[PDB]
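Below you'll find only one chain, the form deposited in one PDB entry, shown as structure tokens.
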């Protein structure tokens, strides 16, 4: 009960910042997460024994893929932690509990392949789940782990609170399907501009949480340039393997996944910043003003990608 997690001084300070990098020491990532749960939620939100066993089971169910790995899970949870800490009073007790767990679990058992690749391969998961294939799998895996003996971190919620938090986690994880982001952000853009946005409207909160999940999921573009650039290597290491597997099915992959078009990556990054990232953090900054540092970091990184194209790096 009186057992806090404490971090070294540099981590204690930098972990509060949006652009924090969790570092290369894997063995510290569980403690970093628990630290964030304690400060975000309370030392009482979860039984420490149950939380630690849940964390280690989640870690085991992430695979050794270049990008959609355990480090990504913790990185996405930290971005959510920074959003929640900078918006203290906007979120319920259940929402703070649910969203950190949703983020940690959002890519459970990822194989390093898009929904598109599963559908073209005719993977069994594509028959079980026709849309948001991997994201329905990720939520399915989250429920499985919660149902292991000694792993139900929500046991002390009432029946209705338990149903609410699982519903928050499900929507949150489904919302990480980037195919759904475009429509979600358009709707939020209209609602904010016509002034109809209402955070007491549950359907509106869902949309806002969805955008928070996209923002946390893409947060690689909101780090300092050296982190952003080195993470892009891991992202493309996965995409180019998928591209290779497309060519094995006799399908030319999209240029994003074709390692033969490495040269066009800087231009490809521009389109991504302009079509996805900047719009995402702009709408998020409009709804939640204290998340502006994410939009500022993203704009800085767009500027660095423009400099790569102009041969200045």
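Positions refer to the first chain, counted from 1. Here the rigid core means the biggest group of C-alpha atoms that line up within 1.5 Å when the two forms are laid on top of each other.
Per the entry, where is the mean C-alpha temperature factor higher: 33-41 or 63-71?
The deposited B-factors put 33-41 ahead on the C-alpha mean.
Give the stretch, out of 103-111 and 81-89, with the larger mean C-alpha temperature factor in the deposited entry.
Per the PDB entry, the higher value belongs to 81-89.
In this PDB entry, which of 214, 231, 140, 156 has the top CA B-factor?
So the option with the highest C-alpha B-factor is 156.
Maximum C-alpha temperature factor per the entry, among 171, 123, 96, 207, belongs to which one?
Highest CA B-factor of the listed options: 96.
Using the temperature factors of the C-alpha atoms in this entry, rank residue 197 within its chain: lowest, middle or highest third.
Its C-alpha B-factor belongs to the highest third of this chain's values.
Among the chain's modelled residues, which third holds the C-alpha B-factor of residue 253?
Answer is highest: the recorded C-alpha B-factor places it there.
Could you place residue 226 in the lowest, middle or highest third of its chain by Cα temperature factor, using the values in the record?
Tercile = lowest for this residue's CA B-factor.
Can you tell me which third, lowest, middle or highest, the CA B-factor of residue 273 falls into for its chain?
It falls in the bottom third of the chain.
Considering every modelled residue of the chain and its Cα B-factor in the PDB entry, is residue 48 in the lowest, middle or highest third?
According to the entry, residue 48 has a C-alpha B-factor in the chain's highest third.
Separately, the form deposited in another entry exists; it is not shown, and the next lines address it.
Superposing on the core, which single option in 270, 48, 249, 56 has a CA shift of 2 Å or more between this form and the one not shown?
It is 249; the other listed residues stay below 2 Å.
Return yes or no for residue 23: a CA shift of at least 2 Å between this form and the one not shown, with the rigid core superposed?
After core superposition, the C-alpha of residue 23 moves 2 Å or more between this form and the one not shown.
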